[PDB]
Amino acid sequence: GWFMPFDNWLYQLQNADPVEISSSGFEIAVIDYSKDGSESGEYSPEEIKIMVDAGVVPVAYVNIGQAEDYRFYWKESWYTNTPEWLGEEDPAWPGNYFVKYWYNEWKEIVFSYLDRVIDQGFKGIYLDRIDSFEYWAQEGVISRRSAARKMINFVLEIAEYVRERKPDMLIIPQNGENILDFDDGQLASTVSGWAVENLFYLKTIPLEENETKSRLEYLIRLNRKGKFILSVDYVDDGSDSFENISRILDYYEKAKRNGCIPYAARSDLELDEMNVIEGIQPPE
């Protein structure tokens, strides 16, 4: 039934090696735009073309809902003279900061990041912290509809920007899929696909059946429209215990039965390795 145009995928945000990935057998790889996150680690065009040459589609992670204090755009002056749009540090991810993504200064930061990513030769972008719209709504800073509309429009503007230069660029948001409650249909046509974390499992622990089914409502609808879905659940505890590999198999089977292409990732959340599991990932 399902639209499933990739056989597998890779999510690796630290220590990604183009050579390793080239000959792994993963068809699409979502990595960072730099080897350590910093400006000086930026992959060269050559390093990215290794993957392209091998038939892998490389895609760049870009966080559009938080500022990250190690990136090329961060300024020392923000500590002493803090912009309005720069907010509190994320308790769960030190060095990340919620931003008022609707302010021009932020949007233009992100556009300047997409500029580097286009020049490097990446073939999609993977957009994290769509869910910042929920954060600001919940802080009571702006209304939820206002937040949702602003984030939708920002993703639309992101799409316009990169497709002016690279018309077939893939666009994959991560989470915040319920933002589609406020879409008129344009966002759902504009993306190539959507990615989610924690659909069947929160690390090693399975989720209530209704929570899962709620998310799937959005994803199923997007699948029927020709958009692929990448799942990543953080299910591999690192052992080759029975309990562990049973869980991996269970996650793989639930993913594929609902049109989600799975990647079982380490329970540590570090996404620091290529993460192969003998005759499961990649698949036979």
# chains A, B, ... in the order shown; residues from 1 in each chain; ligands from 1
>>> residues_around(residues="segment 109-118 of chain A", least_positions_apart="2", cutoff="8 Å", atoms="only C-alpha atoms", output="count of residues only")
17
>>> residues_around(residues="residue 276 of chain A", least_positions_apart="3", cutoff="10 Å", atoms="only C-alpha atoms", output="PyMOL selection string")
chain A and resi 10+24+263-265+273+279-283
>>> residues_around(residues="segment 129-134 of chain A", least_positions_apart="6", cutoff="6 Å", atoms="only C-alpha atoms", output="VMD selection string")
chain A and resid 65 147 to 148 176
>>> closest_residue(among="A:17, A:140, A:101, A:205", to="residue 243 of chain A", atoms="only C-alpha atoms")
A:205
>>> atom_distance(atom1="atom CA of residue 192 of chain A", atom2="atom CA of residue 177 of chain A")
13.5 Å
>>> atom_distance(atom1="atom CA of residue 69 of chain A", atom2="atom CA of residue 271 of chain A")
19.0 Å
>>> closest_residue(among="A:218, A:126, A:70, A:136", to="residue 87 of chain A", atoms="only C-alpha atoms")
A:136
>>> atom_distance(atom1="atom CA of residue 31 of chain A", atom2="atom CA of residue 174 of chain A")
13.5 Å
>>> residues_around(residues="residue 156 of chain A", least_positions_apart="5", cutoff="9 Å", atoms="only C-alpha atoms", output="count of residues only")
5
>>> decode(residues="segment 2-34 of chain A", atoms="N, CA and C atoms", output="short mmCIF file (atom, residue, chain, number, x, y, z; two decimals), in the first residue's frame")
data_model
loop_
_atom_site.label_atom_id
_atom_site.label_comp_id
_atom_site.auth_asym_id
_atom_site.auth_seq_id
_atom_site.Cartn_x
_atom_site.Cartn_y
_atom_site.Cartn_z
N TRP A 2 1.82 1.27 0.94
CA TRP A 2 2.54 2.44 1.42
C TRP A 2 3.52 2.99 0.40
N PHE A 3 3.77 4.31 0.48
CA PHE A 3 4.82 4.98 -0.27
C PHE A 3 6.10 4.98 0.57
N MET A 4 7.09 4.22 0.06
CA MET A 4 8.28 3.88 0.82
C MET A 4 9.48 3.88 -0.10
N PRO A 5 9.90 5.02 -0.65
CA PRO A 5 10.89 5.07 -1.72
C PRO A 5 12.33 4.91 -1.29
N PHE A 6 12.56 4.66 0.00
CA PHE A 6 13.91 4.31 0.45
C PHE A 6 13.80 3.01 1.25
N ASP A 7 14.84 2.20 1.16
CA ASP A 7 14.78 0.88 1.77
C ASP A 7 15.14 0.97 3.25
N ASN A 8 15.92 1.99 3.59
CA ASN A 8 16.44 2.23 4.93
C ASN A 8 16.75 3.72 5.07
N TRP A 9 17.23 4.16 6.24
CA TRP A 9 17.92 5.46 6.36
C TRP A 9 18.86 5.48 7.56
N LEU A 10 19.81 6.44 7.52
CA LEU A 10 20.78 6.65 8.58
C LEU A 10 20.62 8.02 9.21
N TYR A 11 20.60 8.06 10.56
CA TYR A 11 20.66 9.31 11.32
C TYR A 11 21.93 9.30 12.21
N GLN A 12 22.91 10.15 11.80
CA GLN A 12 24.16 10.26 12.51
C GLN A 12 24.63 11.70 12.57
N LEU A 13 24.60 12.26 13.79
CA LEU A 13 24.91 13.69 13.98
C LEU A 13 26.32 13.95 14.50
N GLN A 14 27.03 12.94 15.03
CA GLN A 14 28.44 13.11 15.40
C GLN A 14 29.31 12.05 14.73
N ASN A 15 30.55 12.45 14.38
CA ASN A 15 31.54 11.52 13.86
C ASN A 15 31.13 10.90 12.53
N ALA A 16 30.32 11.56 11.72
CA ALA A 16 29.88 10.94 10.48
C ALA A 16 31.07 10.89 9.53
N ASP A 17 31.24 9.74 8.86
CA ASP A 17 32.33 9.53 7.93
C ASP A 17 31.71 9.28 6.56
N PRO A 18 31.92 10.18 5.59
CA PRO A 18 31.43 9.95 4.24
C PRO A 18 31.86 8.62 3.62
N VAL A 19 33.11 8.22 3.83
CA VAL A 19 33.64 7.01 3.22
C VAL A 19 32.85 5.81 3.76
N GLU A 20 32.83 5.69 5.10
CA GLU A 20 32.06 4.67 5.80
C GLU A 20 30.61 4.60 5.28
N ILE A 21 29.93 5.74 5.22
CA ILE A 21 28.53 5.81 4.82
C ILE A 21 28.40 5.38 3.35
N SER A 22 29.32 5.81 2.48
CA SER A 22 29.32 5.50 1.05
C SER A 22 29.08 4.03 0.77
N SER A 23 29.79 3.22 1.53
CA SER A 23 29.81 1.78 1.32
C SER A 23 29.10 1.03 2.46
N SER A 24 28.37 1.70 3.34
CA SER A 24 27.45 1.04 4.26
C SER A 24 26.24 0.35 3.63
N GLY A 25 25.76 0.80 2.48
CA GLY A 25 24.46 0.33 2.06
C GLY A 25 23.25 1.13 2.57
N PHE A 26 23.42 2.23 3.32
CA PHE A 26 22.27 3.10 3.61
C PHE A 26 22.01 4.02 2.42
N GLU A 27 20.75 4.18 2.02
CA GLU A 27 20.40 4.89 0.79
C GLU A 27 20.35 6.41 1.00
N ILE A 28 19.91 6.85 2.19
CA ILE A 28 19.77 8.25 2.56
C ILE A 28 20.35 8.45 3.96
N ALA A 29 21.20 9.48 4.11
CA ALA A 29 21.88 9.76 5.36
C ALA A 29 21.69 11.20 5.81
N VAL A 30 21.13 11.36 7.01
CA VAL A 30 20.93 12.64 7.66
C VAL A 30 22.06 12.85 8.63
N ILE A 31 22.93 13.79 8.31
CA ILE A 31 24.10 14.06 9.14
C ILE A 31 24.16 15.54 9.47
N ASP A 32 25.12 15.93 10.32
CA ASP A 32 25.38 17.34 10.54
C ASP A 32 26.13 17.96 9.36
N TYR A 33 26.11 19.28 9.18
CA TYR A 33 26.82 19.95 8.09
C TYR A 33 28.32 20.08 8.46
N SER A 34 28.71 19.73 9.70
CA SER A 34 30.12 19.76 10.12
C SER A 34 30.53 18.52 10.95
#
